[PDB]
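Coming up is one lone chain in C-alpha cells, specifically the form deposited in one PDB entry.
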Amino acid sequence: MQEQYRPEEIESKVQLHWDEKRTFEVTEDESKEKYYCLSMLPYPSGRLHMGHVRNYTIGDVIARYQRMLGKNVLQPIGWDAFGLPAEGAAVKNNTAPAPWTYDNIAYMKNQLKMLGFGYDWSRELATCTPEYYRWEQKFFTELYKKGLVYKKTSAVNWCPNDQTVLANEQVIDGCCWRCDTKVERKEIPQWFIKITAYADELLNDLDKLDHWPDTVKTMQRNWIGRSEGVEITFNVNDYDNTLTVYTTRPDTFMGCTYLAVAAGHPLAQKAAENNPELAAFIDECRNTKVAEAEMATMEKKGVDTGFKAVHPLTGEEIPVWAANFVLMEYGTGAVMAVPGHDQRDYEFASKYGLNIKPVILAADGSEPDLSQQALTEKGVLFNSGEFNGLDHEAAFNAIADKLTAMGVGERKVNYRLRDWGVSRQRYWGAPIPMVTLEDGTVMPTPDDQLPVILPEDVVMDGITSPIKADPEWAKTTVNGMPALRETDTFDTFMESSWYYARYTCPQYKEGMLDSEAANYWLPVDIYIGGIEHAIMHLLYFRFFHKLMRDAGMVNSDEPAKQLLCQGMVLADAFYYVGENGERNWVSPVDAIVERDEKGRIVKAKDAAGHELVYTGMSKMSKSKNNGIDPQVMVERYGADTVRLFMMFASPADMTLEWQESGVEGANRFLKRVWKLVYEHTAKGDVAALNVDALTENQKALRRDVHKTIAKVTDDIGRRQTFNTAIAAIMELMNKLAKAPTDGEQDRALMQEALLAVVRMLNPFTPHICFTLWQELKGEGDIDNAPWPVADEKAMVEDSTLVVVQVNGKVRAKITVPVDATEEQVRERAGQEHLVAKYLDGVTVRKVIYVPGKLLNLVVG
C-alpha cells in the first residue's frame, strides 16, 4: 500500500477483477434468497450526465448493500435504443440512426464501467435489435386476437408543406422548428390498446402498493380519474342526429341554459355551410396544438352555432355553441353547460352574455348570490319544477331515473384515462405487425413472417421515413395474395413496458419469457427511477404486467414492491434563435452570465456573441443541451469521489440543483480514510479484543462504532437517506482520528472500527474499500463479506441529556441518569443559575416533562 491515495492506479484494476471473476453475474439460485434491484434503463443519447449518475449510484448502493446481507442480487443494465433523437442526429451528422445508436451505447457502456456499477453484463439488452422486439410484435398480435387492440381516428401535429407528423417537442412558439409555417391538427387513423379495460384494476391496486410513495399514487389516481355520472341525450330542431353529453352533476341539469361542443363535431360542420363566422372559427381551431397545457392556458373563445337543442325536461330551446375548452377526447366531445354552478361555464356565460340560471340553494337554505362567481358546492334544489326540495343524493338519482325512464339518459362510469395510442410514423421504432390485404381487409401479420425486421442499412432525406418512401419494403404475401404491411412504428414506451421481465431470461429463444426464470426474480423488490416517470411509464409498466399475467407468463398482480422516485438533477438552460428560426441550445459552461444581487440570472451571452434566452433551471438532458459529463470529474478525482458526492449532497427523493462546489470534501474524506488505515496497518497485526477490559474513553468509542452501524443500516435499509448515513460515518472517522492507538486494546478496538467503516462505505465507494479490505486482512472479497451487525450490549447508555426550558425558551442543559423520575430532573433543573434567574419572583403554573428528553416550566 502506497501512502498517497491514487484512484487512477486502483480503480481500473478493481474493475478488471469484477469482469474476469464475474462477481455480479448471477443465476436463478434456489438456495439463496433473491433480490431484484432494478434501475430504469437509459436512452443512448451519447454522453452520460449527473442525472444518470445519481439514478445508478442509488441502485448500486442498494444492490451492494443487499449483496452484503447475503442475498442473490440481480442488478441488470440495458438500452432503450429506439427514439426520436436518433433520427435528427443521424441526418445532421450524415449517418443512419442504427450505427449512431450503437456507438452511443458503446461510449456510455465504457462510462458506466468506469463509474464501477456492479451490473450483470451477461443479461445486457438493446431494444433496437430484432431479438428483443420480435416478442412484443408477437404479443401485439395476440393482444389483437383477444380484442384489446382497435383502430380509430386521432388528432396529430402536422406541418402541411412537408407533409410529416411532428412531436410536441418539435413545435415551438406556434410555428414548426424546421420551416416557417404554422402547425395544424390532422385527423389520422391509428392503433390503440385498451388500457381503459384495466382502469379499475390499476386504480384499486394502488391500495395494495403500501411501499410506493403517496406522491406517485395520488398522481396516478387523478390521472386515471374514475367518475360515476350520467350521459344525457338531446334532440335538435332542424337536424337529424342527436347530441349526447356526459356530466357528474345531473342535479344541476334544470339550470342548463346552453350546450357547448368541440370544433370537430358533425353539428359544427353542418352549421358552418350557411354561417360564415362559424366557418372562420372552425378553421381557426386547426391551429390549436395537441396538448392540454396550451388548450387550457388560452382564452376560452366561442361562437354561436345557430341550431337550438331541446331541453328534455323543461322543453326549452337552448343554443348550441362551439368552444376551445370542450375536449373532443374526454367525454362524448360535448357538454351540458350550467354557468350557475361551474366556474368555467360562468366565465363563458359572462363573456358572451348567456343566461345564468340559479338552481341550487346555499348551505343556509337561501337563494345563491351569483353576481361575482358560481356556487360550486352541492346542496338542495330550487327552481327545478318537480325536483325542488331534494338533496344532492336524491336529486342525482331522481333525474337519473327520470332520464332513464324517458329513454334519453343512462348511468355510466367514465375515466379521464384514454386508450394508449401506439402508432408512430417515424423510422427508428419497432414496426407494427399488421397487414392490409388486396381484399381491403386488415389483419395481423402471421407467425411465420414475424419478426417484421426494420432495415438498419438506410439513408434518410429527413422529411419522409425510408420504409415509407420505398414502396418495395411494404410488399408481402398472405393467404395466397398480395398485401401491404404496416409502415407505422411503435411508441418507445412499448419496449420499456416489459424490459424488467426480459432481464430474467434475455437469451431465451423459445418465447417471450421463461416462466421458471421470471417467477424466481419477479416481482421487483426495488424500482429506482425519476419522478418524471411518475405517471406515463409507471402506468404502462403496471398495465403491461397485468397483460402478461392474464397471458399466463407471471404469477404476481403487481410488478414492483417498492418504488424510489429520485429527484431531478437540475441545471440552467440557454438558447439563441438561428438564422432560419431554429433553436440552438447552448450549455451553461459556454454561457457567460451576469447575475442579480439576489442570485437570479439577468443577462446571458456566449463566447461567440449571441444574446441567449434564459429558460430557468430544468432537468439535465441532451434536448436542452445542459447535461454535465462525469468523465472529467472521474478522471480528475475518481469514481468513488464522484459517487460519494452525489449521495452526500442531498437525500435521494429531493430535487437537487447541480453545482461543482462540494466535490473537494469527498476527495479529502477518502484521503482521511486512507491515511487512518495506512497508519494503522503499517504498525502490523493486532491482538484479540477483550470486551470487558476497557477504559471509559475506550467504552464510549466502541459505543459510537456500534451506534453508527445501527444508524447506517437503518438510513440505507429503511429510509434511503444516504446523506445522513455518510454524515454518520464522517462523525465516527473524526472520533477515530482523535483516539490514541498506542496500546494493544486501542489497536484491537481500531481494527474493529476500521473493518466496520470500510464495509459501510463499500456500497458508496466500492473501489477504495475493496483495496482497504485486503490491507486490514478481512475474509475474502469485500463484495461477498457480511454486513456489520451492531451489538446491543455495546450500545447501552448510562445517562441521557435533558433540555430545561422556561416558557418555551431554552435556559439550561443537564446530564441525568436514564432511570430518573420527574422530581429528580426538577431538582437538578433548580440548581442551574440560568434556570433559577427566570423563576425568581414568579409562580410555576404548569410543568411539562418528556421522559429523558425535555422539561418546560410554564411560569407567570
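Each form is matched to the other, and the largest set of C-alpha atoms that superpose within 1.5 Å is called the rigid core. One-based numbering along the sequence shown.
*Compare the other PDB entries of this protein and indicate whether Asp840 is left unmodelled in at least a third of them.*
Result for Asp840: often missing, at least a third of the compared entries.
*Taking the other compared PDB entries with both flanking residues modelled, is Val171 unmodelled in at least a third?*
In at least a third of the other entries, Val171 has no coordinates.
_So, looking at the entry's B-factor column for Cα atoms, which has the higher mean, 284-292 or 307-315?_
Comparing 284-292 with 307-315, the higher average CA B-factor belongs to 284-292.
*Segment of higher mean CA temperature factor, 150-158 or 753-761*: The entry gives the higher C-alpha B-factor average to 150-158.
_Highest Cα temperature factor in the entry, among the options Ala268, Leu450, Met434, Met108: which one is it?_
Reading the PDB entry, the winner on C-alpha B-factor is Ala268.
*Going by the entry, which of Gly116, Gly609, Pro455, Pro506 has the most elevated CA B factor?*
Max CA B-factor in the entry, restricted to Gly116, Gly609, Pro455, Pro506: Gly609.
*Sorting the chain's CA B-factors, does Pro99 end up in the lowest, middle or highest third?*
Bottom third by C-alpha B-factor.
*For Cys175, does the deposited CA B-factor place it in the lowest, middle or highest third of the chain?*
Highest third of the chain for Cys175's C-alpha B-factor.
*With respect to C-alpha B-factor, does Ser623 fall in the lowest, middle or highest third of the chain as deposited?*
Answer is middle: the recorded C-alpha B-factor places it there.
*Just say lowest, middle or highest third for the CA B-factor of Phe543 relative to the other modelled residues in its chain.*
For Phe543, whose C-alpha B-factor we compare with every modelled residue in the chain, the answer is the lowest third.
_For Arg826, the third of its chain into which the C-alpha B factor falls_ = It falls in the top third of the chain.
Keep in mind that the form deposited in another entry is missing from the display, and what follows is about it.
_Identity of the moved residue from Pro506, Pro588, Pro466, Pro130, C-alpha shift 2 angstroms or more, core fit between this form and the one not shown_ = Going through each option, the one that shifts is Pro588.
*Core-aligned C-alpha movement of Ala551 between this form and the one not shown, 2 Å or more*: The answer is no, as the C-alpha of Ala551 shifts between this form and the one not shown by less than 2 Å after core alignment.
*Rigid-core frame, C-alpha of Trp79, shift of 2 angstroms or more between this form and the one not shown*: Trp79 C-alpha, core-superposed: shift of less than 2 Å.
*Indicate whether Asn274 shows a C-alpha shift of 2 Å or more between this form and the one not shown, with the rigid core used for the fit.*
Yes: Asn274 shifts by at least 2 Å between this form and the one not shown.
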